[PDB]
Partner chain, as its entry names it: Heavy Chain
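Consider the single chain below, provided in C-alpha cells and representing the form deposited without its partner chain.
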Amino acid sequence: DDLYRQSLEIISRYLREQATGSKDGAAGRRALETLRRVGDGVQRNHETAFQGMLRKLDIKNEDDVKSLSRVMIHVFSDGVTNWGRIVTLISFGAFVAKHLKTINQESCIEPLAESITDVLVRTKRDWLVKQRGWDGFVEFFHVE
C-alpha cells in the first residue's frame, strides 16, 4: 500500500516539523514543500477559528484522537471532496500537534498523523488514485 505509506510519511513529517520546529523521491519532497507553504498559510489566516476549534476539541493527550476522526468524517458527509478541505484538516492536525507539544514536550505526533491518514486514504482511496495522489495535491496548489 504505497498510497497509505506515502501519505503517512508526508503527513507525519509535516506534523513533526510543526510541533518541534525542526526540518530534516522528488515527488514526496514536492508534496511536503507544497504542504508546508499551504498548511502554514491556512494556520496563519485562520488563527482565530483554529483556536476556537481547538478549545471545543478538548483533546486530553497524544492518543485522544477519536473525536478528531469523527470530525473529519463529518466534514465530508455532505458528499463533497476537495483538496482545500483535505489540506485544512491536515493544517488543523498540525495546530493540534503544536498544542500537544506545549502541554507535554514528550508527546508524539504519530497517533494524530495516523488518524488523519486513515480517514483520508481509507475513505477517499479512489478519489486520491484518480487525482494521482499527491501529484494532484501539488498540481492543485501550484502557484506562479
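Just so we're on the same page, rigid core means the largest C-alpha set that superposes within 1.5 Å between forms. Numbering follows the first chain given and starts at 1.
What comes next is about the form deposited with its partner chain bound, which is not displayed.
Its partner chain is not shown here, and in the deposited bound form it never comes within 4.5 Å of any heavy atom of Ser12. Although the partner is absent from this view, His99 stays clear of its partner chain in the deposited bound form, with no non-hydrogen atom inside 4.5 angstroms. The closest heavy atom approach of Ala27 to its partner chain in the deposited bound form falls within 4.5 Å.
Remark: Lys23 does not count among the residues lining its partner chain in the deposited bound form, judged by a heavy atom distance of 4.5 Å or less. Note: rigid core superposed between the shown form and the other one; among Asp64, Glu47, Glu110, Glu33, the CA shift is 2 Å or more only at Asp64. Distance between the C-alpha atoms of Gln105 and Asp118: shorter by at least 3 Å in the deposited bound form than in the displayed form. Between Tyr14 and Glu62, the C-alpha separation grows by 3 Å or more in the deposited bound form, relative to the conformation displayed.
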